[PDB]
């Protein structure tokens, strides 16, 4: 029979199915933190819920050792002092294994129904999650709310819809009847059982814990697997809150709450994670993080299906424009948003050394560079007007990388530290913009984490496009952006995007930035290049997380 939570959320599920196929605009979760949607005291109650976690041990009723763990620090300088019960990998693998049977037996309608109920409760907790994302990742509140709450919930629901889209096409049974020409037909009844892989592992991200973490977590749950969530040690709380709500729904639905457990760690957890990632019980791994750690998992966890999001080189090709100032302002927003700490933020900006055509005539390379650098300075230089745009720097390693990057080319706009007006100890810095030549490719085919960008002089737009496609294919990329008023250049940009396996944005001169993507329309990554071996989300992202075990028996024709 159909699980009650499936029937409760069936309309939302059906709408999501239509959304992934039509790929227009759709979102069931209000992205604006409006009192109309979330209540007049939504913000206040959320903030108090966040504050209640500080200076205390986060309660989880999963098997735990009696020791605690946790060293999260707020980029805004707020004391956190949050602790979590320390569980061993052994203990969590055992608890997941004990939880697998009744979860599996409840079948797809339960996996989908429970997943959608959890998403409904996570949306209700959006403010509490927003504050927890802000004070672990450093995202400004508005972005922490959207990226940590509704937008992450959108991507989670997208994954559930893709899961259901595959599951719903597999019949529970079939009558197989083959005529035997005047002899009686062969007739058998086939029965098909959906069997999840087993236990999945979610290895969390330090900048977008829920947005990057949710697709794998809910792809696992929607296909009947159990999940161990191992967040980035600098951003545990958003996923601890998530796990708590998931366990509530599973417990109320009559399942073992250890279908989902939380493995909190402190930094230097590498040996622990390597050993856990190779355990025979771990059949799925979803990882967001460094290229070296991601590729390590792909090459060594042979017992698991490994899905990875890694670093890439995001690129802008500037050929020509209808309004240099509008293009420059859009690029500047894209560089300043969360201080370039988005996996989709642009890094390399290719401009012909001889300049570009504009509506107001020709612009030299130097004029294009000054237009970008000046627009960044206008957006970021004033603390009162810019802190909500640039947010806070995630870790103390960026300051050293900023100074390293200063030496790499010619400085167009220096990075400076700002004093946040509301957080005296916040770690805040404006973007660094450098000038390079195409001859310096050794410097710009690297990913530079933080607010660092290179305006790079090329021989021609043809070279910009050849290089951009080559670098995306070889070194990975999540986004590619082109500015041109010429149809043939736009066509060549599509060829480069196909070559590079990277999503293309064209003439972004308004309110859409290359950093942004919408669930149910935009594939996040392609899975074709070294920045990620999977796309968020498509059929391939979910279709392997379950198997089908059949049986056959003769029946009457």
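Residue numbers count along the first chain shown, from 1.
- In this entry, the higher average B-factor at the C-alpha atoms falls on 174-182, of the pair 157-165 and 174-182.
- Taking only CA atoms, the mean B-factor in the PDB entry is higher for 420-428 than for the other of 90-98 and 420-428.
- Within the selection 464, 212, 293, 258, the deposited Cα B-factor values reach their highest point at 212.
- Within the selection 118, 219, 345, 235, the deposited Cα B-factor values reach their highest point at 235.
- Among all modelled residues in its chain, residue 383 ranks in the highest third by Cα B-factor.
- When the CA B factors of the chain's modelled residues are split into thirds, the value for residue 224 lands in the lowest one.
- Annotation for residue 275: C-alpha temperature factor in the highest third relative to the rest of the modelled chain, per the entry.
- Among the modelled residues of the chain, residue 359 sits in the highest third by CA temperature factor in this PDB entry.
- Among all modelled residues in this chain, the alpha-carbon of residue 32 has a temperature factor (C-alpha) in the highest third.
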